[PDB]
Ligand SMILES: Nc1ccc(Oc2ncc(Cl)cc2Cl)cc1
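Listed next as structure tokens is one chain, alone, in the form solved without this ligand.
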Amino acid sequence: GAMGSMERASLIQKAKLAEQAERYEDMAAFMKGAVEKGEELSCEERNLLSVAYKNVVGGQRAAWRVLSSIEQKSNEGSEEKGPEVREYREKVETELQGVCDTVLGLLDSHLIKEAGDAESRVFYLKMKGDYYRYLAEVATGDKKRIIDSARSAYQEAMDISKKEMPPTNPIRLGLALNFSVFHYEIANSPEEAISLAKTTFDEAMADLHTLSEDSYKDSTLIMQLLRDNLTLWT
């Protein structure tokens, strides 16, 4: 790996600089280098890894959606324009799949198997669900097996989070938020999505009294997104 010669601490320092510079492809490469040193990640380092790859795949998803919309219009009255729209959508799609496969590969070699604390294990299993979900968004061929891989990862995370974390924990909240989005947007299960969002929101509301002012702010920010999706879905 091109980051094999750089100190772990230097990779983490440069990931933070790349975040400030909005250089998210560099940030992801630094954090991949840090993971490949083979030590477990701290909470802050897990968040850096998540920010970097979410920003890289976020640009790819946005581009893929623009190209897929143009390609769908072309397949309606529509003037034949040749293979270029499909080719370019395929190029972006292949790069998106590559980024997802890289994140899944880090989780499988060896972040998940070394993660024993609930906070780290739920974080990594939610990430596994997320990057299978991004694969599912573009899948048309193993679409079923990719959707099942996402569901299985989210379900293992949910089972640990419900046993080990309070209902206001931000990791637990964001896992439930993303699993609800899986149900609505991927799995054709809007009623499961709405039920999960509502139960998550209500159980968190009932535990807010236990929190400090700063924890309250962290939890309520995510609860607002559950409420924003419930307003969209109903």
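The first residue of the shown sequence is 1; numbering continues from there.
Another form, the form solved in complex with this ligand, is not on view; read the next lines as being about it.
Undergrad: Contact between residue 194 and this ligand in the deposited complex at 4.5 Å, heavy atoms?
TA: Because a heavy atom of residue 194 falls inside 4.5 Å of this ligand in the deposited complex, the answer is yes.
Undergrad: Do residue 198 and this ligand come within 4.5 Å of each other in the deposited complex, heavy atoms counted?
TA: Flag for residue 198 set to yes.
Undergrad: Within 198-234, which residues have a heavy atom closer than or equal to 4.5 Å from this ligand in the deposited complex?
TA: If the 4.5 Å heavy-atom criterion is applied to this ligand in the deposited complex, 198-234 yields 198, 201, 227, 230, 231, 234.
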